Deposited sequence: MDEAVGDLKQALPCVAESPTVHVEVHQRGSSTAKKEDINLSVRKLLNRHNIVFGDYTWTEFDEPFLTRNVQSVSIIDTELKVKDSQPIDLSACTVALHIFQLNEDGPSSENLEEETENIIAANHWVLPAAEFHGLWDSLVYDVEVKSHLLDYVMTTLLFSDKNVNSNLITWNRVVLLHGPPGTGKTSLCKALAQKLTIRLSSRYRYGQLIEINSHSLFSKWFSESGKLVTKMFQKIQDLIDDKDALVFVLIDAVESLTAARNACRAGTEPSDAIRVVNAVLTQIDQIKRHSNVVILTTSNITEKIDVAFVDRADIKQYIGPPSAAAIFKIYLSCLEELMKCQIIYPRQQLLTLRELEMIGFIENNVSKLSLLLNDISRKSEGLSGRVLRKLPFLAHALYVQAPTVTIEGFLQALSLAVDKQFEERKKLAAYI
């Protein structure tokens, strides 16, 4: 069995990754027994304190332990460009809460695609290509998940590629000049190059006819390369569109979150405010599973978690975008103070949610 361990090497570190590889594996033999996903940020060994920010075990270490040691990179006309792994995308993957194994299977699909591409599997005999489509209603994290997926793959494939690239083309819009810069990045075969075309449905809605055909033909060229992956998103979940998108061999529906997911999302927001001490004092909050084990009995330990559970349920229907914005509105409208008890914040969050749906009915 294989266990994955992501090692965040400090930007200021100059040590070889083989040295870090041996240090981290000594640390794991020390602790050796693991209960689940655990992350060390403080170390006793001074070589690790110097060169490693965090060691995270991610989903008894007699399994096969795979280390992924990476450094974050701290820093083209109509395109955004990041060198991967990018500091901007650090923590994005974990901030996206989907139902079980949406992100897992998506990672595995692209992993198999890259494996098949790397071994020159004949696609006439086994179906695969280099295009990925996430489709969903707007605000479900599709663009973020593409970026987070590109970051995960670069980190997980650090043995085959030395770094990654992400080019985000802004659909709202020389075309030869942009794809020349993309080809220069592809020319470096030590790099896994991701090209992200957001909301491709706007292309078929948009003189405008020539620009589209120019981009589709440029896409057809770069996808001929082994180190290229094309990520696309569509905010219309149902409709058919453009060839390379409709023929994408990986299609994933991304819908709005369930009440179970909303609960986790809110929990992550409340944890963050407690970490920053905007919510003070800190209090213990229960997960759904923990609530289910006590049959949802209302007592001092559970009262506030039950209240959050009920806020999550009347939040059903809202997108993730709105959900992670509501704690900001809750604080700005109903707290307006540097500090607030969790009781006060949950009440504020509840009002903010009601306000969202009042605004909704006015649009109806």
Not represented among the modelled residues are deposited positions 1-18, 78-89, 106-118, 217-227, 261-271, 430-432
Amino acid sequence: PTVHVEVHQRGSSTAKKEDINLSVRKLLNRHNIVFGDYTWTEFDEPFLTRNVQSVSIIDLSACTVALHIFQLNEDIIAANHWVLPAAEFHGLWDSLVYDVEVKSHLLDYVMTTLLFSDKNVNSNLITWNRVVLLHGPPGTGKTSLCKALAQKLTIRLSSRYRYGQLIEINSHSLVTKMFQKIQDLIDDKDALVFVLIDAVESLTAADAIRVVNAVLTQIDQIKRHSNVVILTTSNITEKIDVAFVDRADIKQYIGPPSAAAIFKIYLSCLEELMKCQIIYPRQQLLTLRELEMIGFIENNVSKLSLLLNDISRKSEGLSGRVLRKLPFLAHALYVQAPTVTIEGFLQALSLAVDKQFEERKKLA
From here on, numbers count along this sequence of modelled residues.
Ranked by mean Cα B-factor in the entry, 113-121 and 277-285, top stretch is 277-285
If you average the CA temperature factors as listed in the entry, which stretch comes out higher, 207-215 or 86-94? 207-215
Out of 318, 304, 65, 69, highest CA B-factor residue: 65
Scanning 168, 238, 271, 249 for peak Cα temperature factor in the entry gives 238
The third of the chain into which the C-alpha temperature factor of residue 73 falls is the middle
Going by what the PDB entry lists, where does residue 334 fall on CA B-factor within its chain: lowest, middle or highest third? middle
How does residue 328 rank on Cα B-factor within its chain, lowest, middle or highest third? lowest
Rank-wise, by C-alpha B-factor, drop residue 178 into the lowest, middle or highest third of its chain. highest
According to the PDB entry, is the CA B factor of residue 144 in the bottom, middle or top third of its chain, that is, lowest, middle or highest? lowest
